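Shown below, as structure tokens, is a lone chain in the form deposited in one PDB entry; questions about how it binds or moves come after it.
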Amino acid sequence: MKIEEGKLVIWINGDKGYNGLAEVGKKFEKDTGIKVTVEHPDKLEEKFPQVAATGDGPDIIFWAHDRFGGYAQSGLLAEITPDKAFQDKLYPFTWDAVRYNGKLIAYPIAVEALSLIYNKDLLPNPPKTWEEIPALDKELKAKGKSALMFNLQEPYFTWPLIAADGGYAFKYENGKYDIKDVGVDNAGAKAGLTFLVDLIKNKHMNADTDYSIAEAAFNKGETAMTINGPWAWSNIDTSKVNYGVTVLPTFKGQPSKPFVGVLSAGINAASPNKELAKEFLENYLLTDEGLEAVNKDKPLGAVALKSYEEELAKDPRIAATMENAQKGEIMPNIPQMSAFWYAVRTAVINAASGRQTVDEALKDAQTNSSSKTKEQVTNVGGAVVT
């Protein structure tokens, strides 16, 4: 109703291959007459639940699977209906990532994990440990370069270090995540965040560094290393930088443990075009030709579609992505994930900027993460005085 019948509107993050996705949309339109419009709103993962709560928003939303349990619990995502032959085309573990309360609530697209990206002309042998980074930066600074820059504003990028020596989100046991058993303020989490904060205090990193600042610096050759996902490789290809993609550094001898996302496509529960969305996703996007179009724009990572992953696997960068994914953990998709991420975002930004100590910051994050959230998608705009 509110979403227009007879067309598809799609939202996807602006760092992904939205132009390639639009090409698949234009093919669909040429074949079927059905217009497909791709948009990449800022903060789409916050906008979606707000507008979808009223029956508006896109027909299809692309995001990592971790947000989708919350959306489904709120009644905002449709159960999908792929048949067995279709399900056979994708890796079983990717279907598990989009299963919520026994139901499939999105189409898996690709497996995303962070890797260490390095400039082979500044650093032909990248460091195997976090511990050696301060000395490396000291050496490079004397010559007008830095060792490492990555996004310090989103906790996704610092999580691998927090988790390395023992940090965790929710304990999983016997078919359930226990929201009362959270691992954000244990000794391992404290050790990792303390190491990051010390890097900042010793002027090896800047607390204000964000995604754009880090990407620009790496791609200009000002910093020897960054931490990012497969989507970023396209812009580095364009840049003058000769780069490699490798395993994340260890911390206290333990592998960094990135939280692994499955980029997924959910169908708005209010869409009058659920059948059109199914046809588009199963018969146009999740094909070798469709994924190629998106992947050529911005790499997806290790795709869920078996036939195309076999092609993409011939690539040391994908081998590295998989190595890092296997050392980390697939994110939970439970509704509590939103609270978890907001809590850890606050702790990381506050500790990095010197607004809180590490102990103070993570104690707060532990409290909010483990608080069973009576969640609402209501807002002030619908409020009425009674």
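Residue numbers here begin at 1 and follow the sequence given.
Form deposited in another entry: not shown, discussed below.
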Which listed residue lies at the hinge, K143, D315, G33, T346, rigid motion between this form and the one not shown: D315
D297 and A216, C-alpha gap in the other form relative to this structure (3 Å or more): farther
Outcome for the Cα pair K257, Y91 in the other form, compared with this form (closer or farther; change of 3 Å or more): closer
